[PDB]
Amino acid sequence: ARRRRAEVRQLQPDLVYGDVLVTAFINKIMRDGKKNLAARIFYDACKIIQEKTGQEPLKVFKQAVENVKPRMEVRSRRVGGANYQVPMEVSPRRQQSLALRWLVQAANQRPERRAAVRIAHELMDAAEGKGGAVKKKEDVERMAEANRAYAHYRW
Amino acid sequence: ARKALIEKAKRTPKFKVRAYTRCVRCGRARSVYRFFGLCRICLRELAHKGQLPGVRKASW
Amino acid sequence: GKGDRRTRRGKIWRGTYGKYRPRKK
Amino acid sequence: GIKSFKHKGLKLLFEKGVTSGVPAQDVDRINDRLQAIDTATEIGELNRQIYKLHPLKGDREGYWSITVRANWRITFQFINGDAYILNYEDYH
Amino acid sequence: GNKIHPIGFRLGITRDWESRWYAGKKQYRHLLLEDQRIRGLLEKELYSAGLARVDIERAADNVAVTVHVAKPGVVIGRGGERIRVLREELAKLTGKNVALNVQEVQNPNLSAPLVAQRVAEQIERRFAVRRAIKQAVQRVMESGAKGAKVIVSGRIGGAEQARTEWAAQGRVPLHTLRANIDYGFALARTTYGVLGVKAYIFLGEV
Amino acid sequence: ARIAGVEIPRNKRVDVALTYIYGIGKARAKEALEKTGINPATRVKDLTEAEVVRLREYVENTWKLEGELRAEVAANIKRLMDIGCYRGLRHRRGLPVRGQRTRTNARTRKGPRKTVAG
RNA sequence: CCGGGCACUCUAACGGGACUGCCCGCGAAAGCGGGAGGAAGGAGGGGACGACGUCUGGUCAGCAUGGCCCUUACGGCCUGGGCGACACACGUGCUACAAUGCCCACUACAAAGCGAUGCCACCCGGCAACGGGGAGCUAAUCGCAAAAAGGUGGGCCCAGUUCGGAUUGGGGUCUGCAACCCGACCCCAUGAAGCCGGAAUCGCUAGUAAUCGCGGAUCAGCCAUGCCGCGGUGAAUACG
RNA sequence: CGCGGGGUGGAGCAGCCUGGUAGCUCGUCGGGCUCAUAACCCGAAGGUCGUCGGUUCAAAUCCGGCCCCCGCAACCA
RNA sequence: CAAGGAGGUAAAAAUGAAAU
Ligand SMILES: [Mg+2]
Ligand SMILES: [Mg+2]
Ligand SMILES: [Mg+2]
Ligand SMILES: [Mg+2]
Ligand SMILES: [Mg+2]
Ligand SMILES: [Mg+2]
Ligand SMILES: [Mg+2]
Ligand SMILES: [Mg+2]
Ligand SMILES: [Mg+2]
Ligand SMILES: [Mg+2]
Ligand SMILES: [Mg+2]
Ligand SMILES: [Mg+2]
Ligand SMILES: [Mg+2]
Ligand SMILES: [Zn+2]
């Protein structure tokens, strides 16, 4: 019954960058608890960003996250055996989490061969507003758009 | 088959592989520790009794 | 290939050694 | 006629006459009910007062149960003049 | 229910051992079997003494054995028998230094094994168990105890129906470690079966 | 190149291309090209015809392989035809040869499930 | 490795160390929020500990035991068989369907434990299992063990494929009186099903889940992928 | 016996006329949900088309002969 | 600042089990 509001977990800043965000992204890359392979892939992809574009990956990655941020999402709620879906706003914590999660997932959805090039490209596509994650973001906002009827149920 | 069966367990002749362990306090053939010569059941009994030198509850 | 008897990895998992996993040096 | 056994004690008692599967004071009782379940051509014949016959309910539907003694039941399935899955079970 | 043996629960701090010797492997097994056969042989022809403990100590062929008894009446002055061959019959499968001592347990009403054994005798005397429990507790409580508790379980007064008679005065905290709680148990053999008597005796600590 | 009974594997490393023959596997593969003295990492694409001839001549001879040894293997099972042993009956019933568990599993010899129900 | 030294690390024996005691705010109190205080805090993180009683719960196959029954036998010995049977159904799992992946080579970094009726260094034969030797070790001395995931290099290039290892043929080794039914490995060759799972269903809130190997009990051997422990790397999220 | 309609999985019904595909509901069998049953959800299996002949490359289907089932008819004396 | 009285009231969800 959540007596404690569960305090927000804080991370360690990365190497060379100091991000309070990049490490969170590396973590999503991480599988089976191998931060070595995870971090390597991201920094690898950072080197890949430099090639296809003359931009610093610290902004390319930053803007990509900003473009894959759900303004509002759909929430299933009350009365009628939980029949309604109230479109709710998204907390900065949750926009944060969804952005990075959808990025990595869409990144591994790509037909490319190497994990680094998937990350790099999906970030470049998302920075422009083209990524498959941006599709996911825009999709979730469609659902939230179509439910404005009983949005006044709010909460 | 229990009395004549704790006989064989100490008799131990005829081929070396036919010989087997067996709790002494009981007659148990399973879970017999070589260290005490006892089954896991008897061992627990005596450990609570205090009749097992050094043997003490494990908490960590 | 943790179950293939022809790998250093499967030989680890099985425990035993052999040609596909020599006893060091 | 009996055709199948789910209890090994009952099975040996009726087949070989081995009484070391049942209670010693319930050997004559268990015998005369099994023979009556054997000669039974229809479940209606297993209707004597002393058996307290009755079909079970729930997940035990399709099963019958005459009483040997106390809280002990001989449960079975009677179909086409034959009994199957003869079990000597405590009604719990 | 399910509760751990209040003796084993201590062992380390509070309540020391009962067989205090050290050995490595290849020896522990043999010496423990001998040790237990001593306890087994003693219990038989020494029950009339009512022995609270059977402490045992060793030091390479030394085997010391301390028998705690309420009333050591069965020792009778040196060559008055009841000790001579009696402490010498141990070495018929031992052959080692059968050093048998005798202790005088002062108050038997504060020795848990003795309490339970007195109760278990009364069950076999066909006594009224509930009244026997009550008295034994008060008897223990009468001899200065800080808390007591006796438990007989099963087949009380014969009669087809296993029961459990319960009585306890004062304080008996089993969960506490600094407890000094003596635990005893006894089998009452009856013509209608077997029932067990637990006895808890408690004193202060800190 | 039609090495034994097969020819299929083109541009894909001779130590690997060799594997595509019933009788070669992996050990006999590099064993054959070190004994014939050919580079394992080659193209397989019809390289030096001489290396291919030597390879073919050694491999196709030496040990039995392809359809010939399939016949021998099948004949070794036909050994336990006649009035054969227990191991033959396991080849007869279609059940596992090495006395394993057949109460469950053993689907690789029994085949897919049939389901009786009762 | 020696001389020598033992301050560091470690070993294991007793101790100190926070009690929201101190600051602000709230309150009648208890207490709650917040803050320098320090390794640590408002039960620090885990253990052992399971009230009166409930389930005619479980256990006569650990053992004890009332009653009933068996005694040239329901007891006793032995060889052999069986518990391992298989048209099927369910539970708990192991290994996978691959490229944050597989193979080969090189090269690091643990803890907790077990061993002289054994652990077996180092040589020798052997593709290997393993066998001949044979040193040290009553073992923080010698040995089991090189930890593995990791790193470096190189090779496959996404195809049932260097994924996956089932099944089967052959050849061997070791324990054991003996391994057909029914043992574990080693080597050659076969290389299946599987390309990620219907209705449903489980676990975990911080060293945690996931993932990686290591030890032990039982044990001649072993069907252990099990159970009980050890450490390595190490997430996500909690509005409510 | 005079006309008309009908026999198809276990039950009830389609498909025939415009020959090459036999389909529907219930039931059965497997798996789920529940302490359990029912209900519910997932996934399956199941039909010599009454029978004896004929036509045709090919018959549930078109043509005959029987065999049951149902329905109409049997009037004037 | 402390409610007395008036009114819109959940859905789909049935059964029992085998001596006192
Ligand atoms: Mg088998
Ligand atoms: Mg299955
Ligand atoms: Mg407590
Ligand atoms: Mg019961
Ligand atoms: Mg018994
Ligand atoms: Mg079994
Ligand atoms: Mg396939
Ligand atoms: Mg694929
Ligand atoms: Mg929790
Ligand atoms: Mg069903
Ligand atoms: Mg149901
Ligand atoms: Mg007219
Ligand atoms: Mg009804
Ligand atoms: Zn025992």
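Heads up, chain B uses Swiss-Prot numbers, so what you see runs 2-61.
Determination method: X-ray crystallography, 3.6 Å.
In case you wondered, yes, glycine gets a Cβ from its N, Cα and C as well.
If you look up Swiss-Prot, you'll see B:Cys24, B:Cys27, B:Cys40, B:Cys43 marked as Zn(2+) binding site.
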Lowest local Cβ density among B:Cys24, B:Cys27, B:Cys40, B:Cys43, which the record lists as binding-site residues, within 10 Å: B:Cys27
Per DSSP, three-state class assigned to B:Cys43 (Zn(2+) binding site): helix
Among B:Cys24, B:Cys27, B:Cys40, B:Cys43, the binding-site residues whose C-beta sits under 6 Å from ligand 10: none
Shell list (Zn(2+); ref centroid = CB of B:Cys24, B:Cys27, B:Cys40, B:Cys43; cutoff 8 A): B:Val25, B:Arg26, B:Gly28, B:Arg29, B:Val33, B:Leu39, B:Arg41, B:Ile42, B:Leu44
Coarse DSSP state, helix versus strand versus coil, of B:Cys24 (Zn(2+) binding site): coil
